[PDB]
Amino acid sequence: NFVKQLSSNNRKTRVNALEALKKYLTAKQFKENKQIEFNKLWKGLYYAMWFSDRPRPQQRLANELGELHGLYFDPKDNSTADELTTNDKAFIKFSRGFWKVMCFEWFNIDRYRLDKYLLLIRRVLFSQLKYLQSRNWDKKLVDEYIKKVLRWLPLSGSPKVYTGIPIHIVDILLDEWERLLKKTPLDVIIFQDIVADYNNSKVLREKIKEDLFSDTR
RNA sequence: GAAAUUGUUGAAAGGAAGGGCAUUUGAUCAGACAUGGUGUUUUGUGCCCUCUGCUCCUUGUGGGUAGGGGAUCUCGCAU
């Protein structure tokens with residue numbers, strides 16, 4: 001499968017895998033299928049990133065991995081009041097697979113490789129909320145993304161997902177949102193529900209209360 | 001080829017010797033092929049300046065290795 005080359009031990013094969021994936025992913029009609037394939041592809045990309053542990057090259061890989069989201073269904077269509085039919089639903093599957101892979105393989109990350117994955121998730125989050133429609137502003141797209149993201153990372157009611165990822169999201173949300181350059185659907189602040197949801201991780205509640213709600217924005 | 005034991009040379013000490021605390025005297029043993037470091041001034045070199053090349057991975061804030069031209073040169077070395 002395609003994941004075999006992405007997880008190969010040879011740099012040439014790994015880079016060729018991403019080069020071919022750049023088109024295999026823009027082959028949307030082929031990729032408009034079950035989410036399991038997207039999950040497997042993101043698992044392979046996880047190993048591909050794991051195989052690089054050099055500061056500058058890992059940033060080079062991370063930026064392209066984040067830009068892969070924009071490459072998926074580039075907003076050249078300019079969907080004037082059109083729903084997620086065959087365009088945004090497929091990208092939602094890729095986003096869900098990314099988060100599933102990241103959550104499942106969180107503890108497997110070693111101490112030194114943790115920064116690589118933090119940078120990768122930061123880049124992916126930057127590409128997200130940048131590509132829903134041509135830009136952030138979209139009612140239905142935001143609602144679907146929120147419902148397909150609120151239930152996985154920031155749920156805070158299921159201990160299956162480690163609270164470290166919510167902590168990083170809290171720490172980077174405002175830092176990355178301002179990178180988009182004044183009004184936005186930022187309904188996204190989820191955090192109030194987490195605070196109101198009693199029995200949730202007290203550490204996460206304290207972190208969101210301190211770092212997030214204390215900002216003037 | 002060690003003790004118990006025995007004979008010689010030398011030192012010491014003399015109805016006993018043996019051990020502990022502190023020290024003098026006598027004899028005797030160790031006691032750096034350490035010979036540096038710093039900033040300045042001549043001169044010759046290279047991994048130094050410039051031109052022209054080859055070679056390994058992967059790809060990388062690299063490594064290895066050549067042929068022409070000088071003392072802008074203390075970047076290092078030797079004076």
# chains A, B, ... in the order shown; residues from 1 in each chain; ligands from 1
>>> closest_atom_pairs(of="chain B", to="chain A", cutoff="10 Å", atoms="only C-alpha atoms (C1' of nucleotides)", output="Markdown table")
| residue | atom | partner | partner_atom | distance |
| --- | --- | --- | --- | --- |
| B:58 | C1' | A:11 | CA | 6.9 |
| B:59 | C1' | A:57 | CA | 8.9 |
| B:60 | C1' | A:57 | CA | 7.8 |
| B:61 | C1' | A:56 | CA | 8.6 |
>>> write_last_selection(atoms="C-alpha atoms (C1' of nucleotides)", output="PDB file, in the first residue's frame")
ATOM      1  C1'   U B  58      21.322  11.121   1.454  1.00  0.00           C
ATOM      2  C1'   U B  59      19.344  16.514   0.916  1.00  0.00           C
ATOM      3  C1'   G B  60      21.688  17.646   5.339  1.00  0.00           C
ATOM      4  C1'   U B  61      23.928  24.229  10.424  1.00  0.00           C
TER       5        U B  61
END
>>> select_by_dssp(residues="range 61-158 of chain A", states="alpha helix (DSSP H)", output="MDAnalysis selection string")
chainID A and resid 61:71 88:104 114:127 139:150
>>> atom_distance(atom1="CA of residue 14 in chain A", atom2="CA of residue 27 in chain A")
19.7 Å
>>> atom_distance(atom1="CA of residue 177 in chain A", atom2="CA of residue 126 in chain A")
7.5 Å
>>> residues_around(residues="range 100-113 of chain A", least_positions_apart="5", cutoff="8 Å", atoms="only C-alpha atoms (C1' of nucleotides)", output="JSON, numbers by chain")
{"A": [39, 42, 43, 46, 50, 53, 152, 161, 162, 165]}
>>> write_last_selection(atoms="N, CA, C and O atoms", output="PDB file, in the first residue's frame")
ATOM      1  N   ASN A  39      -7.219   7.062   7.762  1.00  0.00           N
ATOM      2  CA  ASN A  39      -6.541   6.784   9.024  1.00  0.00           C
ATOM      3  C   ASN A  39      -5.226   6.054   8.787  1.00  0.00           C
ATOM      4  O   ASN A  39      -4.208   6.374   9.411  1.00  0.00           O
ATOM      5  N   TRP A  42      -2.666   8.522   7.369  1.00  0.00           N
ATOM      6  CA  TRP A  42      -2.123   9.399   8.400  1.00  0.00           C
ATOM      7  C   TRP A  42      -1.218   8.638   9.359  1.00  0.00           C
ATOM      8  O   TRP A  42      -0.242   9.201   9.862  1.00  0.00           O
ATOM      9  N   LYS A  43      -1.511   7.362   9.620  1.00  0.00           N
ATOM     10  CA  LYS A  43      -0.598   6.549  10.414  1.00  0.00           C
ATOM     11  C   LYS A  43       0.745   6.399   9.711  1.00  0.00           C
ATOM     12  O   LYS A  43       1.801   6.447  10.351  1.00  0.00           O
ATOM     13  N   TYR A  46       2.598   9.530  10.088  1.00  0.00           N
ATOM     14  CA  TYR A  46       3.149   9.603  11.436  1.00  0.00           C
ATOM     15  C   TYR A  46       4.534   8.971  11.486  1.00  0.00           C
ATOM     16  O   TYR A  46       5.478   9.559  12.021  1.00  0.00           O
ATOM     17  N   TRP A  50       8.192  10.511  12.073  1.00  0.00           N
ATOM     18  CA  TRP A  50       9.007   9.905  13.119  1.00  0.00           C
ATOM     19  C   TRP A  50      10.411   9.588  12.625  1.00  0.00           C
ATOM     20  O   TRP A  50      11.359   9.572  13.419  1.00  0.00           O
ATOM     21  N   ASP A  53      14.652  13.300  12.552  1.00  0.00           N
ATOM     22  CA  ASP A  53      14.936  13.904  13.852  1.00  0.00           C
ATOM     23  C   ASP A  53      16.052  14.935  13.731  1.00  0.00           C
ATOM     24  O   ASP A  53      17.000  14.961  14.519  1.00  0.00           O
ATOM     25  N   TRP A 152     -13.582  14.891  19.669  1.00  0.00           N
ATOM     26  CA  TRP A 152     -12.373  14.079  19.733  1.00  0.00           C
ATOM     27  C   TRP A 152     -11.306  14.677  20.643  1.00  0.00           C
ATOM     28  O   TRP A 152     -10.913  14.044  21.627  1.00  0.00           O
ATOM     29  N   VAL A 161      -8.533  10.085  25.738  1.00  0.00           N
ATOM     30  CA  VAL A 161      -7.676  11.060  25.072  1.00  0.00           C
ATOM     31  C   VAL A 161      -6.897  11.811  26.142  1.00  0.00           C
ATOM     32  O   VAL A 161      -7.484  12.376  27.073  1.00  0.00           O
ATOM     33  N   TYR A 162      -5.573  11.811  26.016  1.00  0.00           N
ATOM     34  CA  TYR A 162      -4.725  12.469  26.999  1.00  0.00           C
ATOM     35  C   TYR A 162      -4.936  13.978  26.959  1.00  0.00           C
ATOM     36  O   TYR A 162      -5.078  14.575  25.887  1.00  0.00           O
ATOM     37  N   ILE A 165      -2.750  16.985  24.755  1.00  0.00           N
ATOM     38  CA  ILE A 165      -3.150  17.574  23.476  1.00  0.00           C
ATOM     39  C   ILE A 165      -4.093  18.755  23.679  1.00  0.00           C
ATOM     40  O   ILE A 165      -3.894  19.794  23.030  1.00  0.00           O
TER      41      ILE A 165
END
>>> atom_distance(atom1="CA of residue 18 in chain A", atom2="CA of residue 176 in chain A")
25.3 Å
>>> residues_around(residues="residue 73 in chain B", least_positions_apart="4", cutoff="12 Å", atoms="only C-alpha atoms (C1' of nucleotides)", output="ChimeraX atom specification")
/B:42-45,48-49
>>> write_last_selection(atoms="N, CA and C atoms (P, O5', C5', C4', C3', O3' and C1' of nucleotides)", output="PDB file, in the first residue's frame")
ATOM      1  P     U B  42      55.052  43.390  11.581  1.00  0.00           P
ATOM      2  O5'   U B  42      56.568  43.097  11.191  1.00  0.00           O
ATOM      3  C5'   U B  42      56.882  42.288  10.069  1.00  0.00           C
ATOM      4  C4'   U B  42      58.348  41.938  10.024  1.00  0.00           C
ATOM      5  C3'   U B  42      58.709  40.753   9.142  1.00  0.00           C
ATOM      6  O3'   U B  42      58.822  41.107   7.774  1.00  0.00           O
ATOM      7  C1'   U B  42      59.769  40.526  11.245  1.00  0.00           C
ATOM      8  P     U B  43      57.746  40.573   6.706  1.00  0.00           P
ATOM      9  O5'   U B  43      58.325  39.161   6.256  1.00  0.00           O
ATOM     10  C5'   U B  43      59.649  39.046   5.760  1.00  0.00           C
ATOM     11  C4'   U B  43      60.285  37.743   6.170  1.00  0.00           C
ATOM     12  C3'   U B  43      59.615  36.482   5.650  1.00  0.00           C
ATOM     13  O3'   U B  43      59.980  36.175   4.314  1.00  0.00           O
ATOM     14  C1'   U B  43      60.084  36.239   7.957  1.00  0.00           C
ATOM     15  P     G B  44      58.908  35.526   3.309  1.00  0.00           P
ATOM     16  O5'   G B  44      58.848  33.995   3.746  1.00  0.00           O
ATOM     17  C5'   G B  44      59.915  33.107   3.447  1.00  0.00           C
ATOM     18  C4'   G B  44      59.543  31.679   3.755  1.00  0.00           C
ATOM     19  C3'   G B  44      58.164  31.240   3.288  1.00  0.00           C
ATOM     20  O3'   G B  44      58.141  30.870   1.920  1.00  0.00           O
ATOM     21  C1'   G B  44      58.483  30.577   5.536  1.00  0.00           C
ATOM     22  P     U B  45      56.791  30.308   1.256  1.00  0.00           P
ATOM     23  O5'   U B  45      56.624  28.859   1.897  1.00  0.00           O
ATOM     24  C5'   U B  45      55.403  28.145   1.773  1.00  0.00           C
ATOM     25  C4'   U B  45      55.175  27.231   2.950  1.00  0.00           C
ATOM     26  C3'   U B  45      53.737  26.787   3.172  1.00  0.00           C
ATOM     27  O3'   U B  45      53.378  25.685   2.354  1.00  0.00           O
ATOM     28  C1'   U B  45      54.664  27.526   5.221  1.00  0.00           C
ATOM     29  P     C B  48      41.415  26.124   4.912  1.00  0.00           P
ATOM     30  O5'   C B  48      41.560  27.389   5.871  1.00  0.00           O
ATOM     31  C5'   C B  48      42.838  27.841   6.292  1.00  0.00           C
ATOM     32  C4'   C B  48      43.113  29.243   5.811  1.00  0.00           C
ATOM     33  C3'   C B  48      42.617  29.564   4.408  1.00  0.00           C
ATOM     34  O3'   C B  48      41.252  29.946   4.390  1.00  0.00           O
ATOM     35  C1'   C B  48      44.864  30.282   4.645  1.00  0.00           C
ATOM     36  P     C B  49      40.481  30.160   2.996  1.00  0.00           P
ATOM     37  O5'   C B  49      41.165  31.455   2.365  1.00  0.00           O
ATOM     38  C5'   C B  49      40.736  32.766   2.709  1.00  0.00           C
ATOM     39  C4'   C B  49      41.065  33.752   1.615  1.00  0.00           C
ATOM     40  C3'   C B  49      40.530  33.398   0.234  1.00  0.00           C
ATOM     41  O3'   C B  49      39.185  33.802   0.043  1.00  0.00           O
ATOM     42  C1'   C B  49      42.826  33.889   0.063  1.00  0.00           C
TER      43        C B  49
END
>>> closest_residue(among="A:137, A:30, A:131, A:117", to="residue 59 in chain A", atoms="only C-alpha atoms")
A:117
>>> residues_around(residues="range 65-73 of chain A", least_positions_apart="2", cutoff="6 Å", atoms="only C-alpha atoms (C1' of nucleotides)", output="number ranges by chain")
A: 26, 62-63, 123-124, 127
>>> write_last_selection(atoms="C-alpha atoms", output="PDB file, in the first residue's frame")
ATOM      1  CA  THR A  26      -5.562  15.505  -5.244  1.00  0.00           C
ATOM      2  CA  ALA A  62       6.137  19.626   8.910  1.00  0.00           C
ATOM      3  CA  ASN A  63       5.325  22.614   6.700  1.00  0.00           C
ATOM      4  CA  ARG A 123       1.210  23.387  11.459  1.00  0.00           C
ATOM      5  CA  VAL A 124      -1.839  21.176  10.906  1.00  0.00           C
ATOM      6  CA  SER A 127      -3.800  24.822   7.963  1.00  0.00           C
TER       7      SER A 127
END
>>> closest_residue(among="A:158, A:29, A:16, A:52", to="residue 199 in chain A", atoms="only C-alpha atoms")
A:158
